[PDB]
Amino acid sequence: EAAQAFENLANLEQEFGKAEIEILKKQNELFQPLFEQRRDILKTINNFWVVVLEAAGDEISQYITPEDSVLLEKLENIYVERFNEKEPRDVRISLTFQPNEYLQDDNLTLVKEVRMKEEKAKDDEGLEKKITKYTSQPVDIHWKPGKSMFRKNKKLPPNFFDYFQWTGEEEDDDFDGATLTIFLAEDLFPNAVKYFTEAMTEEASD
Amino acid sequence: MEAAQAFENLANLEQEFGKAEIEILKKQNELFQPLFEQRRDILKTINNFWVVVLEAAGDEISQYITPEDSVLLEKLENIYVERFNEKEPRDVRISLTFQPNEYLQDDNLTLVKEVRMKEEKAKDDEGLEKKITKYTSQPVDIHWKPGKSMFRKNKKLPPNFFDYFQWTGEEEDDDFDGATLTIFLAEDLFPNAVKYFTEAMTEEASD
């Protein structure tokens, strides 16, 4: 009865998937007003987000050059919105900057929209397999003259702002934007105050 | 400017996040528990389901699984994770049900680990309290057959998978991170078990 068991498991997986979306929607509906209120507070705390970004671990620091770091000193807020009603896992990530030497004033909010799609591809046996793909349109940033931080092309080591050019649509790119999206949306953004408070306690200890 | 007010307002908000999280965990348990129960009755019929899952779920588990562990786990018929404390959805009862085997006495074929939570405060070096979540658990005595105990007796041996049952979370000396394993089992391995099994069953050879 292996055949009947596995067919029943596949039916049940569909019900797990519907429950999961239901829970994610409920979670977003409860957390959304709290993240909005928190956003308005964090906007007043200078250098809050650069402290958080530098305390979050290798997942972020692997990308941060010290030129990244001086621009991030002007970062005023990170906000993560689950903007897609049918898919709670889609995120729109907004980085709001104060005026600075890298960005034109008309592009002080950098907005990245990442969409999550369950797709299918045949393996070497010939069977379809379910894969989760995160994809995103590239974001043109209106850099001030000579201050771009987009890679000329995809051999030079990536810095943090190359994320805005990551699309997820190239089995050629070395920049793992899916893992960075998940880290930003599920770890760094929800735990930001803890990261900041821990970094402050930690740095005054020395 | 006005940082004292900002950080006081953030602390009030953290309390509301905490209450929201508990509500979401309760809702999650009420939606998923009946599906985990139906799934449990199916999985008991599938040979080697859980040993394959344990070995395919990533380094967090496989760092503990030795070949002697693995032979016993072939007899594992089911893993179940129950959020048994209605007011604290994060407490878990993790049950491993075995078929008769050469390691466990027949009167001890279900291994039950209960892991509870303490939200507690500890002083940092300045003297301020900090909120920490601690997992703790009673040690579980297992009735091993002669010569087949899989408990280490001291800390020169690296812990193996069954050392989890002796982990208490109450010891500063410990190298065994049972809290991270508890969270992994309850939130990653158990909800995703069929996917892990199916991916293992579709793995290709290395040559």
Side-chain angles (χ1 to χ4, degrees), chain A residues 1-2 4-46 48 122-125 127-132 190-194 196-198 200-202 204-206, chain B residues 1-3 5-47 49 123-128 130-133 191-195 197-199 201-205:
Chain A
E1 305 227 45
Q4 179 76 237
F6 286 109
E7 299 166 25
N8 289 357
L9 289 178
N11 295 152
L12 201 48
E13 299 237 271
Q14 298 299 298
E15 309 177 31
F16 278 108
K18 304 331 113 194
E20 173 70 353
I21 290 188
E22 179 177 348
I23 291 296
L24 291 178
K25 287 183 181 164
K26 164 42 62 146
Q27 178 173 74
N28 174 63
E29 151 179 320
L30 285 185
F31 280 172
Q32 181 187 28
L34 306 174
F35 281 134
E36 284 165 9
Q37 300 172 233
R38 192 183 75 162
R39 171 201 64 207
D40 302 332
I41 299 166
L42 295 180
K43 185 166 74 136
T44 73
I45 305 171
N46 65 108
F48 176 86
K122 289 186 171 177
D123 66 11
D124 295 316
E125 171 104 1
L127 306 167
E128 306 279 352
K129 290 187 59 182
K130 296 181 180 188
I131 59 89
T132 302
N191 297 315
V193 179
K194 293 137 159 268
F196 179 89
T197 306
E198 166 190 9
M200 290 301 96
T201 294
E202 197 152 297
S205 285
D206 314 328
Chain B
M1 204 136 42
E2 324 200 336
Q5 182 80 71
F7 286 109
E8 297 167 23
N9 291 176
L10 289 175
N12 299 152
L13 259 181
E14 299 256 81
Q15 295 298 124
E16 306 195 294
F17 279 110
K19 286 161 196 169
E21 265 151 340
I22 294 307
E23 179 176 349
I24 289 151
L25 292 177
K26 290 182 181 165
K27 173 48 158 194
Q28 177 177 73
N29 176 248
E30 93 178 288
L31 282 187
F32 281 94
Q33 187 182 27
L35 306 174
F36 285 140
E37 283 162 8
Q38 299 174 232
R39 191 181 75 163
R40 167 159 64 169
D41 301 329
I42 298 166
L43 297 177
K44 81 201 324 308
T45 71
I46 301 171
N47 172 45
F49 177 85
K123 288 186 172 290
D124 64 14
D125 297 315
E126 180 143 274
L128 304 180
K130 284 191 152 60
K131 296 181 180 187
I132 59 89
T133 39
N192 297 315
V194 179
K195 294 140 153 146
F197 176 87
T198 309
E199 292 292 347
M201 289 300 109
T202 53
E203 284 178 25
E204 312 184 1

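Computation of the quantities below employed the complete heavy-atom set of this structure, encompassing side-chain atoms and omitting hydrogens, waters and symmetry-equivalent molecules. Chain naming here is simple, since letters A, B, ... match the order of the sequence lines and numbering starts at 1 in each.
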Any carboxylate oxygen within less than 4.0 angstrom of a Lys/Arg side-chain nitrogen, looking at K27(B) and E22(A)? yes
Using a cut-off of 6.0 Å, state whether more than 12 heavy atoms not belonging to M1(B) lie near its atom CE. no
Portion of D124(A) that has a non-hydrogen atom of chain B nearer than 4.5 angstrom: both
Kindly state each residue pair satisfying side chain to side chain donor-acceptor pair (under 3.5 Å) with at least one member in residues 4-16 of chain A, sequence neighbours excluded. none
Separation of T202(B) OG1 from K129(A) NZ (nearest 0.5 Å): 3.0 Å
Interface check, chain B: of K130(A), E1(A), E20(A), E198(A), most non-hydrogen pairs under 4.5 Å belong to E20(A)
So which part of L10(B) gets closer than 4.5 Å to some heavy atom of chain A, the side chain, the backbone, both or neither? both
Proximity breakdown for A20(B) and chain A, heavy-atom pairs closer than 4.5 Å: both
Under the ring pair (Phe, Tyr, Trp, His ring centres under 6.0 Å) criterion, do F7(B) and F48(A) qualify, and how do the steps go? CA-CA 11 Å; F7(B) 286 109; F48(A) 176 86; 7.5 Å; no
Does any part of the side chain of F16(A), heavy atoms only, come nearer than 4.5 Å to the side chain of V194(B), both counted from C-beta? no
Show the atom names and distances, to 0.1 Å, of all donor-acceptor pairs under 3.5 Å that link a side chain in residues 35-44 of chain B to residues at least two apart or in another chain.
{"from": "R39(B)", "atom 1": "NH1", "to": "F190(B)", "atom 2": "O", "distance (Å)": "2.8"}
{"from": "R39(B)", "atom 1": "NH2", "to": "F190(B)", "atom 2": "O", "distance (Å)": "2.7"}
{"from": "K44(B)", "atom 1": "NZ", "to": "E77(B)", "atom 2": "OE2", "distance (Å)": "2.8"}

Kindly check if the number of other-residue, nucleotide or ligand heavy atoms within 6.0 Å of CD (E128(A)) is above 12? yes
